[PDB]
Structures are given as C-alpha cells and as structure tokens.
Amino acid sequence: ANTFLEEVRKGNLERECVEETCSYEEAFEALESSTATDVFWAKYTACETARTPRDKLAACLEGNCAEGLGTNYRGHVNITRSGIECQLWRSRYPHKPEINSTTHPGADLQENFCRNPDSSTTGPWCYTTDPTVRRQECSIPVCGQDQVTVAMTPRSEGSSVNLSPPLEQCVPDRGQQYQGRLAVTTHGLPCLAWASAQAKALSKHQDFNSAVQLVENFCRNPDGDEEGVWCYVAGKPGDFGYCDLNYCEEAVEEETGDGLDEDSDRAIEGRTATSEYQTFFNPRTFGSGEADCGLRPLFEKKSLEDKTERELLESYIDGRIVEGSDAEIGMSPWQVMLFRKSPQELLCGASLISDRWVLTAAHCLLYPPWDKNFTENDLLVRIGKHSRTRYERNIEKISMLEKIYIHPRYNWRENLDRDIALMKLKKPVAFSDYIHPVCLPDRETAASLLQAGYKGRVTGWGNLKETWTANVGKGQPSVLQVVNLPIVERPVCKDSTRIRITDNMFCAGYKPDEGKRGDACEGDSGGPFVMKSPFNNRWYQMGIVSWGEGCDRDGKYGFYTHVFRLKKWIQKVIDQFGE
Ligand SMILES: [Ca+2]
Ligand SMILES: [Ca+2]
Ligand SMILES: [Ca+2]
Ligand SMILES: [Ca+2]
Ligand SMILES: [Ca+2]
Ligand SMILES: [Ca+2]
C-alpha cells in the first residue's frame, strides 16, 4: 500500500494487503489469478466489517467463523438452529432459493453447508432438506467470542414416557375386519351415518362384503380396498375420504406364494399359456383399453420384441451396470408429457392409462414450495411423442383435461407418500398404432413379477435432470430415455436412506458403484415403471416415478410409488360421473 518505495519489490499478499490497506490491485500483483483473487475480493467485501485490526482480518481470511449475520461464513455446518439438515444450495430441492450460488457466490455457498447469501435479518440461514422448513437460520460460531449467530435448539427425539404407548396391534386384512372405534379421516372430518340417503345411493352398486356388520360411523372398508380404511364425506356426490390407521407393513415384496414349488431351476417361460387378464374397473365408466392392455400391434401382432427387451432376463453377465440407450419409435405409445399452457414449459411426464384417464404423481401437481397451484386450465398433456422439440400433429396430440382427483394420503412434506393424481382427459382419444394403455399388476401378479426374476422399465425425457440436478453440463435429452431396472431388496432400500419410506413406494436400480452419480436420476417426474409378465406377454405398470435421493447425493436408486392399492380407489371416482 503506502511507502511507495515498497511498490518496487515483490510484495507478499500479507505484507501489502492486510496490516496496511490494499485494493484489488496490489493483491492481484501478489497472486496473479482472478479466481482465488476474487475469492479474496469476496472475503474483502465481506471483511468490510473486518478491515481493522490485524487479527480481525487474519481470522476473516481464515474462514472458521461467521461475522454476525454470517456473510463471511465459509465453514461447513450442515445443521440449522434446530439442527435440521440443509438442502442443496445450488439446486431448488425442496424449496426454491431466491438468492443462490448463481446469484451470490461471494458468500461461497457449498452443497448444503450453512450460509447467508441474501444478508437477511435471519443471519446465517439455509433452505432445509425437510420440505416443512423453507428457510431456517443456522447456529454458526461467532467470530471473536464463544457465541453463535442464532440460538441452537436441536429438535431431539421425544421420549416414550409422556405418551401412552399403544400395545394395540396393527390393523390386519387391510382394514376389512378392523374392530376399533376410529372416527377421524385424513382431514379430520367426521363421517356421516352409513344408512344415509347419499351413502345408500352411492353404495347401491358398489361391491361390498355383507359379512361385516357396518357399524354406526366408524371407518369401514367393506369393499376390501388394499390401501386402507375409508368412509363417506358430505359435499359433492360420490365423494369419500380415507381414514388414519396404524397398518402393518404387509408389503407384497416378501409375500412368497403358497403354491410356488421348490423347483426354481429351468424356469418355464410363457409356454402356450393363454393367460387371461381380469379387468377390474367397470368398462362402461372406465372405458376400453383394459382388454387390449399390454398388446402392441407393432410388437404383439408382429411377434416382435424390442431390442431393449432382450436384456429383460436378470441372468446377464454378472448383472453389470449398463447406461440407457434410445428405444424404437412407437414402442412407447403411452408416454405423455404434462405441460404448462402459459408459458409453454416442460413440467413432468406420465403414461396414458385408459381412453379417458391420465395418471401422474401427486408431487407434480401440487408442489407449493415452488408457488405451484395447478388447476384444470393450467395443465395440458402431449401424447404419442418421439421427440419433444417437434410439432408432430399427425402422431403426437395435444389435449386438455376436465377434472382432477388427488389422493387423500398425499404427504409431500416428508417422503412424497401416495404420489397419486388422476386427471380425466377432456377429449376422447382414438386408439391407433401410437396410442395405447397399460396393464396394472394386482397383488399376486406383482408378487410373481417380483419373485420370478423380471426387470422393470422406466421411460422419461429427463425433466428431473433439469429441475433438480442443477449441474451445468447434462442438458435435456431430445430422445426418450428408457432404463431397465430390476427390483431392490427392502433392507437395502431402507437402510441407506434416513427418510421414512412407506410401503406404497419402492426402490428400483442396480447397486451404485463407487465414484459416480448413478443412472437412477434419468427421465421425467411421473414416469411409469413397467414390467413384462411372462404369463401373457404383456406389460404391467407398477407405479409412478417421483424424486429420488440419487440425484441430490450418490448411492440411491429411483423411488417410485405403487398403484396396486388404488384399483378400488379409481372406481370410487368414476361412479361420481358414471350415472
Ligand atoms: Ca505499502
Ligand atoms: Ca504496496
Ligand atoms: Ca507499509
Ligand atoms: Ca507491489
Ligand atoms: Ca507496482
Ligand atoms: Ca507477517
């Protein structure tokens, strides 16, 4: 700085910038690289509060503490004032950051380490991994004294003392024979009387088991829905609402058939087995397509199997990881894109399920952390596509929807449980070569698919990659990305994740090798996971694609939400308009 005679010799960054008072210039002279130099400049603007004295600046350049509001904080704390783990700073999962590393890299916002880029009154604050807390302040040690930026109050787990622990058994038989006194639904709204006029009118043509003496107003499921217990509510005709019960983890994954002979070698493939498929919905109200499910005229009528089907055996060479490749045109007539009318922006994906219904995930429709409230006139569908970028009027079609039904058990705040949404097509869709629905595995068929050794298939166009993985370098693909993933073992699916994953979701993907971000984070949100059943040469869609932990950090497969518990659910919707 001063003593201009000094402005001849080689100056040490310390000797010219600290104790004296240097600008960017003498610093640069000392260093000669604008990257770390402007790291130093970012500190300097931050150390504007740390210009004097010496230590004040030595520590400020050290980076081990937050200056009050923490604009200087360059540490690595991943806990909020309550200890909540912070979200990815660069990405918007699960809440959109107003000011981020693209905006203020001068605060050096790392992956999830606690920061303060906007100089808000909260001090060091981070968007949190838990969707419940959009922004929570981080307790960061104070520069110069044994203090922190905000009070630390970790939310430690509650003891099992003040709460009366229920020894009551979990509800068996999917709540068909439940014998408690439950009187609260998902919203807490009480039910009506069973013998009411609306309830009788709606359940006149509903398949109920008369063995259950339907009690006064308790949650009863005489239709044997595999999702849980439900009861009628007032309002619009035909409506209902599921209740809240502590169900057993009676997942189909560990259900081994009581007829599976102990001779599991030289397995008999489809051997002239005319495996009829039993339609479960009402064809008058659900529409056609269930009968023609799983039969591709280009494949089933041509006796052709896709060049990606030859991998369907899990008996490949050591099951080595294979990256995805482009599929044949017309091999995915059901793949649909959920799009925004204004602006025309890529939002989500799905698969066509019938001639009148479109099934997607519940998170794609309602994600309030992104100011999203999507109604009938703010959603559109693009069907029969091979490329997104082109306008394929002859093959791809653009359609609107009429009514939207969301699942009552929608829990996006924690784990995207019951990621289910059903929207009725506004215009009838004509069956052709590039338009087709899919089958829906029941309990036993899906059990056979899981335990007999068959791979599933997920189709998507990489919307999740643009939305959630903010790394610049992997753009939105132009071709449909199709990935074959077998089933994952349940302790493997549960142990490596901290979030309580419900039995309505499951993992799909190979073991993650060290040193890479896996292939489970490819495709659109809401995609289908389809598996081919050897009995009838057809394809059954197990569920819906949602967000996966494999994107944000390594070591995770794709997490997808089941649909086999929703059959009895789906009918309950159409009977509202099926009169
Ligand atoms: Ca000087
Ligand atoms: Ca100088
Ligand atoms: Ca000097
Ligand atoms: Ca100099
Ligand atoms: Ca000079
Ligand atoms: Ca010195």
# chains A, B, ... in the order shown; residues from 1 in each chain; ligands from 1
call {"tool": "residues_near_ligand", "arguments": {"ligand": "ligand 4", "cutoff": "7 Å", "atoms": "only C-alpha atoms and all ligand atoms", "output": "ChimeraX atom specification"}}
result
/A:6-11,16,26,29-30
call {"tool": "write_last_selection", "arguments": {"atoms": "C-alpha atoms", "output": "PDB file, in the first residue's frame"}}
result
ATOM      1  CA  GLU A   6       7.898  -0.640  -1.272  1.00  0.00           C
ATOM      2  CA  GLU A   7       5.909  -0.547  -4.616  1.00  0.00           C
ATOM      3  CA  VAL A   8       9.014  -1.897  -6.380  1.00  0.00           C
ATOM      4  CA  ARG A   9       9.854  -5.119  -4.551  1.00  0.00           C
ATOM      5  CA  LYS A  10       7.849  -8.343  -4.657  1.00  0.00           C
ATOM      6  CA  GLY A  11       5.044  -7.813  -2.184  1.00  0.00           C
ATOM      7  CA  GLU A  16       0.738  -5.409   1.103  1.00  0.00           C
ATOM      8  CA  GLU A  26      -1.672  -4.992  -5.131  1.00  0.00           C
ATOM      9  CA  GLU A  29       0.118  -8.298  -8.175  1.00  0.00           C
ATOM     10  CA  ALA A  30       0.925 -10.684  -5.327  1.00  0.00           C
TER      11      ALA A  30
END
call {"tool": "closest_atom_pairs", "arguments": {"of": "region 91-183 of chain A", "to": "region 546-557 of chain A", "cutoff": "12 Å", "atoms": "only C-alpha atoms", "output": "CSV"}}
result
residue,atom,partner,partner_atom,distance
A:91,CA,A:552,CA,8.3
A:92,CA,A:552,CA,10.3
A:93,CA,A:552,CA,8.3
A:94,CA,A:547,CA,10.1
A:111,CA,A:552,CA,9.3
A:112,CA,A:552,CA,10.2
A:129,CA,A:552,CA,10.3
call {"tool": "write_last_selection", "arguments": {"atoms": "C-alpha atoms", "output": "tab-separated table (two decimals), in the first residue's frame"}}
result
chain	number	residue	atom	x	y	z
A	91	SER	CA	-30.49	-26.92	-6.51
A	92	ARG	CA	-34.03	-25.93	-5.57
A	93	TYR	CA	-34.94	-29.14	-3.71
A	94	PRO	CA	-37.22	-28.84	-1.95
A	111	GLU	CA	-23.55	-28.15	-1.42
A	112	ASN	CA	-25.63	-27.85	1.80
A	129	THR	CA	-33.80	-30.56	3.24
call {"tool": "atom_distance", "arguments": {"atom1": "CA of residue 388 (chain A)", "atom2": "CA of residue 303 (chain A)"}}
result
28.9 Å
call {"tool": "residues_near_ligand", "arguments": {"ligand": "ligand 6", "cutoff": "10 Å", "atoms": "only C-alpha atoms and all ligand atoms", "output": "PyMOL selection string"}}
result
chain A and resi 12-16+18-19+54
call {"tool": "write_last_selection", "arguments": {"atoms": "C-alpha atoms", "output": "short mmCIF file (atom, residue, chain, number, x, y, z; two decimals), in the first residue's frame"}}
result
data_model
loop_
_atom_site.label_atom_id
_atom_site.label_comp_id
_atom_site.auth_asym_id
_atom_site.auth_seq_id
_atom_site.Cartn_x
_atom_site.Cartn_y
_atom_site.Cartn_z
CA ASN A 12 3.64 -10.60 -0.02
CA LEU A 13 -0.15 -10.64 -0.01
CA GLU A 14 0.08 -10.24 3.76
CA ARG A 15 2.75 -7.54 3.54
CA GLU A 16 0.74 -5.41 1.10
CA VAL A 18 -3.51 -6.90 5.50
CA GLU A 19 -1.96 -4.58 8.13
CA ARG A 54 -4.96 -7.35 12.11
#
call {"tool": "closest_residue", "arguments": {"among": "A:113, A:159, A:177, A:276", "to": "residue 214 (chain A)", "atoms": "only C-alpha atoms"}}
result
A:177
call {"tool": "closest_residue", "arguments": {"among": "A:427, A:121, A:146, A:568", "to": "residue 207 (chain A)", "atoms": "only C-alpha atoms"}}
result
A:568
call {"tool": "residues_near_ligand", "arguments": {"ligand": "ligand 3", "cutoff": "7 Å", "atoms": "only C-alpha atoms and all ligand atoms", "output": "VMD selection string"}}
result
chain A and resid 1 to 3 16 20
call {"tool": "closest_residue", "arguments": {"among": "A:229, A:46, A:337, A:395", "to": "residue 462 (chain A)", "atoms": "only C-alpha atoms"}}
result
A:337
call {"tool": "residues_around", "arguments": {"residues": "residue 83 (chain A)", "least_positions_apart": "5", "cutoff": "9 Å", "atoms": "only C-alpha atoms", "output": "PyMOL selection string"}}
result
chain A and resi 78+138-139+152-156
call {"tool": "write_last_selection", "arguments": {"atoms": "C-alpha atoms", "output": "mmCIF file, in the first residue's frame"}}
result
data_model
loop_
_atom_site.group_PDB
_atom_site.id
_atom_site.type_symbol
_atom_site.label_atom_id
_atom_site.label_comp_id
_atom_site.auth_asym_id
_atom_site.auth_seq_id
_atom_site.Cartn_x
_atom_site.Cartn_y
_atom_site.Cartn_z
ATOM 1 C CA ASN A 78 -24.975 -28.718 7.857
ATOM 2 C CA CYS A 138 -28.084 -21.816 11.171
ATOM 3 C CA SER A 139 -26.277 -21.680 14.502
ATOM 4 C CA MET A 152 -29.046 -23.588 18.884
ATOM 5 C CA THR A 153 -32.058 -25.725 19.857
ATOM 6 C CA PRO A 154 -31.712 -29.200 18.316
ATOM 7 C CA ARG A 155 -35.068 -30.916 17.966
ATOM 8 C CA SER A 156 -34.147 -34.092 19.864
#
call {"tool": "residues_around", "arguments": {"residues": "residue 72 (chain A)", "least_positions_apart": "6", "cutoff": "8 Å", "atoms": "only C-alpha atoms", "output": "ChimeraX atom specification"}}
result
/A:43,46-47,60,63,65-66,107
call {"tool": "write_last_selection", "arguments": {"atoms": "N, CA, C and O atoms", "output": "PDB file, in the first residue's frame"}}
result
ATOM      1  N   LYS A  43     -14.087 -12.150   0.123  1.00  0.00           N
ATOM      2  CA  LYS A  43     -13.768 -12.007   1.540  1.00  0.00           C
ATOM      3  C   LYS A  43     -13.640 -10.538   1.924  1.00  0.00           C
ATOM      4  O   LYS A  43     -14.211 -10.100   2.927  1.00  0.00           O
ATOM      5  N   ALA A  46     -16.803  -8.932   2.220  1.00  0.00           N
ATOM      6  CA  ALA A  46     -17.308  -9.451   3.482  1.00  0.00           C
ATOM      7  C   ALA A  46     -16.523  -8.917   4.672  1.00  0.00           C
ATOM      8  O   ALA A  46     -17.129  -8.481   5.656  1.00  0.00           O
ATOM      9  N   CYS A  47     -15.195  -8.911   4.599  1.00  0.00           N
ATOM     10  CA  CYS A  47     -14.378  -8.366   5.670  1.00  0.00           C
ATOM     11  C   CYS A  47     -14.382  -6.844   5.667  1.00  0.00           C
ATOM     12  O   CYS A  47     -13.516  -6.227   6.295  1.00  0.00           O
ATOM     13  N   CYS A  60     -10.722 -13.408   9.554  1.00  0.00           N
ATOM     14  CA  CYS A  60     -11.702 -13.235   8.489  1.00  0.00           C
ATOM     15  C   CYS A  60     -11.266 -13.961   7.226  1.00  0.00           C
ATOM     16  O   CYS A  60     -12.093 -14.545   6.518  1.00  0.00           O
ATOM     17  N   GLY A  63     -11.640 -18.015   7.731  1.00  0.00           N
ATOM     18  CA  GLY A  63     -12.913 -18.596   7.344  1.00  0.00           C
ATOM     19  C   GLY A  63     -13.541 -19.549   8.337  1.00  0.00           C
ATOM     20  O   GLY A  63     -14.457 -20.293   7.967  1.00  0.00           O
ATOM     21  N   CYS A  65     -15.306 -18.839  11.067  1.00  0.00           N
ATOM     22  CA  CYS A  65     -16.375 -18.264  11.866  1.00  0.00           C
ATOM     23  C   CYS A  65     -17.264 -17.378  11.005  1.00  0.00           C
ATOM     24  O   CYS A  65     -16.868 -16.914   9.932  1.00  0.00           O
ATOM     25  N   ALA A  66     -18.481 -17.150  11.494  1.00  0.00           N
ATOM     26  CA  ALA A  66     -19.446 -16.286  10.826  1.00  0.00           C
ATOM     27  C   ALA A  66     -19.444 -14.915  11.490  1.00  0.00           C
ATOM     28  O   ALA A  66     -19.474 -14.816  12.721  1.00  0.00           O
ATOM     29  N   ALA A 107     -20.413 -15.336  -1.004  1.00  0.00           N
ATOM     30  CA  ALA A 107     -20.538 -15.969   0.298  1.00  0.00           C
ATOM     31  C   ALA A 107     -20.099 -17.427   0.275  1.00  0.00           C
ATOM     32  O   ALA A 107     -20.105 -18.079   1.325  1.00  0.00           O
TER      33      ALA A 107
END
call {"tool": "closest_residue", "arguments": {"among": "A:120, A:332, A:23, A:185", "to": "ligand 2", "atoms": "only C-alpha atoms and all ligand atoms"}}
result
A:23
call {"tool": "closest_residue", "arguments": {"among": "A:419, A:309, A:258, A:25", "to": "ligand 5", "atoms": "only C-alpha atoms and all ligand atoms"}}
result
A:25
